[PDB]
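**Student:** Would you mind keeping the following structure in view while I ask a few things?
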Amino acid sequence: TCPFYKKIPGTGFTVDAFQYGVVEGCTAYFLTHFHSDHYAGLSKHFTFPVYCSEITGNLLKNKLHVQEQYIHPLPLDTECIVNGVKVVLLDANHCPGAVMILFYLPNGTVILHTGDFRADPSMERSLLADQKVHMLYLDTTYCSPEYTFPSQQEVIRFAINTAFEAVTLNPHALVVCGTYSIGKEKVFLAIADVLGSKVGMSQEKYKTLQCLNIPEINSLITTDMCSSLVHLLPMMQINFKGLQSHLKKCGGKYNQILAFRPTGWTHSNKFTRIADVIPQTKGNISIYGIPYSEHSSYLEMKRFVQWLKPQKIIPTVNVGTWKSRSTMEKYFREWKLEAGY
């Protein structure tokens, strides 16, 4: 049964609740981004409205095969009426197409629902600057002080340098990159850019990438693997037994794979910096883990909530146990008391 934190009060609207059947009273289903936890349920056979970003729309039409009439895409940064309610979509700084939703109620209440997000100072000079928010449905994926990680631009440095080192040392070396959903495209695009290659991928991942309104995308990617020296692969495949396997298939065109597993947080964030990273090594295959997050760090989240001074906070992540819920409220209280809202 749709949990209360996927419902918006004073509307027939719901957020990321497509896996329960019909939700009694829901006239419109919002979807924040194309990630299988959030869309679990959608298909060609849906005949209620869906509101979402243009980019998320393309993924619905072309990947899940939803029927164009039911996909209502909306522009960002635009005051837009929906079933007699003002809403706005804002860039969430998560994966391509990912949005937060501003709801403006008849009764005067204002609600912000973050979806998945990586909070950033640039959001404090958006439309949110203009007015008060009474409720915050917040992405609490990394709501604990242990959770730190470097900036995306830091990590993209490390990558560009590493790969470019190796390839310049050994020009018969392949760069690989793992992936299982959209997100983190800047990893492989930046590597390929510094190397003078296009990125090569399976047919389905090419299909996925062609939906995302990346400019000049045609010059950057291909389905011709032979012609490319930055390859993509399923993250399940990024290991020695499966990389060895793949290295065979290239057919004596490369003598060393240099991979990258863009991960989120792992416990190795606690004791080691980004400039001091190492990979696992079994023969001529070298696998990096690299903490490229598309979720807020504890500090980033903290700053954002303390600027927003919401009157109330409703967690959307790690809400499944009483210990996690309790831990999270303590942090909310601390933030509130530090800041004087």
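Numbering starts fresh at 1 for the residues of each chain in the structure tokens, the chains themselves are lettered A, B, ... in the order given, and ligands are numbered from 1 as they appear.
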Neighbours of residue 213 of chain A within 10 Å (only C-alpha atoms; same-chain residues fewer than 2 positions away dropped), as number ranges by chain?
**Tutor:** A: 54-55, 58, 96-97, 209-211, 215-217
**Student:** Would you list the contacts of segment 16-21 of chain A as a PyMOL selection string, taking every protein, DNA or RNA residue within 7 Å and counting only C-alpha atoms, but skipping same-chain residues closer than 5 positions in sequence?
**Tutor:** chain A and resi 1-2+6+30-32+38-42
**Student:** Tell me, as a PyMOL selection string, which residues lie within 9 Å of residue 255 of chain A, counting only C-alpha atoms; anything in the same chain fewer than 2 positions away does not count.
**Tutor:** chain A and resi 170+172-174+247+252-253+257+284
**Student:** Based on the selection just made, write N, CA and C atoms of those residues as a PDB file, in the first residue's frame.
**Tutor:**
ATOM      1  N   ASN A 170      51.468   2.994 -22.744  1.00  0.00           N
ATOM      2  CA  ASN A 170      51.192   1.805 -23.552  1.00  0.00           C
ATOM      3  C   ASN A 170      49.995   2.141 -24.444  1.00  0.00           C
ATOM      4  N   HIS A 172      48.658   0.302 -26.754  1.00  0.00           N
ATOM      5  CA  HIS A 172      47.794  -0.861 -26.984  1.00  0.00           C
ATOM      6  C   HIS A 172      46.986  -1.264 -25.744  1.00  0.00           C
ATOM      7  N   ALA A 173      46.625  -0.277 -24.910  1.00  0.00           N
ATOM      8  CA  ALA A 173      45.807  -0.486 -23.712  1.00  0.00           C
ATOM      9  C   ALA A 173      44.375   0.044 -23.904  1.00  0.00           C
ATOM     10  N   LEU A 174      43.401  -0.715 -23.407  1.00  0.00           N
ATOM     11  CA  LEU A 174      41.980  -0.364 -23.502  1.00  0.00           C
ATOM     12  C   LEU A 174      41.501   0.281 -22.200  1.00  0.00           C
ATOM     13  N   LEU A 247      38.434  -9.217 -22.919  1.00  0.00           N
ATOM     14  CA  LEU A 247      39.735  -8.993 -23.553  1.00  0.00           C
ATOM     15  C   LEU A 247      40.033  -9.986 -24.687  1.00  0.00           C
ATOM     16  N   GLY A 252      43.159  -9.746 -29.925  1.00  0.00           N
ATOM     17  CA  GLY A 252      44.545  -9.296 -30.055  1.00  0.00           C
ATOM     18  C   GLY A 252      44.778  -7.864 -30.525  1.00  0.00           C
ATOM     19  N   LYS A 253      43.850  -6.966 -30.204  1.00  0.00           N
ATOM     20  CA  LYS A 253      43.958  -5.550 -30.563  1.00  0.00           C
ATOM     21  C   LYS A 253      44.455  -4.660 -29.399  1.00  0.00           C
ATOM     22  N   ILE A 257      43.823  -3.955 -20.186  1.00  0.00           N
ATOM     23  CA  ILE A 257      42.612  -3.201 -19.831  1.00  0.00           C
ATOM     24  C   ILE A 257      42.901  -2.307 -18.610  1.00  0.00           C
ATOM     25  N   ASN A 284      47.199  -8.426 -16.317  1.00  0.00           N
ATOM     26  CA  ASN A 284      47.197  -7.168 -17.087  1.00  0.00           C
ATOM     27  C   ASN A 284      45.888  -6.343 -16.980  1.00  0.00           C
TER      28      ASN A 284
END
**Student:** Just the residues within 10 Å of segment 66-83 of chain A, please, counting only C-alpha atoms, with nothing from its chain fewer than 5 positions along; format it as a VMD selection string.
**Tutor:** chain A and resid 11 to 13 27 to 28 30 42 to 61 88 to 91 99 to 104 126 to 127
**Student:** Name the closest residue to residue 175 of chain A among the candidates A:149, A:271, A:137, A:254; distances are taken between atoms, counting only C-alpha atoms.
**Tutor:**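 Closest candidate: A:254.
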**Student:** Show which residues sit within 10 Å of residue 186 of chain A, as a PyMOL selection string. Count only C-alpha atoms, and ignore same-chain residues fewer than 5 positions away.
**Tutor:** chain A and resi 152-153+156+191-192+292
**Student:** Take the residues that were just selected and, keeping C-alpha atoms, output them as a PDB file, in the first residue's frame.
**Tutor:**
ATOM      1  CA  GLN A 152      32.658  15.509  -9.067  1.00  0.00           C
ATOM      2  CA  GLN A 153      35.254  17.799 -10.646  1.00  0.00           C
ATOM      3  CA  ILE A 156      37.026  13.824 -13.128  1.00  0.00           C
ATOM      4  CA  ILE A 191      38.046  10.193 -20.611  1.00  0.00           C
ATOM      5  CA  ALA A 192      37.206   9.727 -24.309  1.00  0.00           C
ATOM      6  CA  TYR A 292      31.656   9.653  -8.122  1.00  0.00           C
TER       7      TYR A 292
END
**Student:** Using only C-alpha atoms, which of the listed residues (A:302, A:261, A:157, A:94) sits closest to residue 176 of chain A?
**Tutor:**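 So, comparing all the options, the nearest one is A:261.
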**Student:** Hey, which of A:270, A:184, A:312, A:132 ends up closest to residue 336 of chain A? Count only C-alpha atoms.
**Tutor:**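 Residue with the minimum atom-to-atom distance to residue 336 of chain A: A:312.
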**Student:** Please, which residues of segment 128-332 of chain A, numbered as in this document, come out helix (DSSP H, G or I) from DSSP, as a count of residues only?
**Tutor:** 82
**Student:** Would you mind listing what lies within 10 Å of segment 197-207 of chain A as a ChimeraX atom specification, with only C-alpha atoms counted and same-chain residues fewer than 2 positions away left out?
**Tutor:** /A:59,62-63,175-177,179-182,188-189,191-195,209-212,217-234
**Student:** Using only C-alpha atoms, which of A:269, A:237, A:136, A:286 sits nearest residue 306 of chain A?
**Tutor:**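 Checking each candidate against residue 306 of chain A, we get A:136 as the closest.
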**Student:** Quick check for you: according to DSSP on this backbone, which residues of segment 214-254 of chain A are classed as strand (DSSP E)? Reply as a count of residues only.
**Tutor:** 7
**Student:** So which one's closest to residue 107 of chain A, A:251, A:196, A:9, A:183? Using only C-alpha atoms, please.
**Tutor:**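 Checking each of A:251, A:196, A:9, A:183 against residue 107 of chain A, counting only C-alpha atoms, the winner is A:9.
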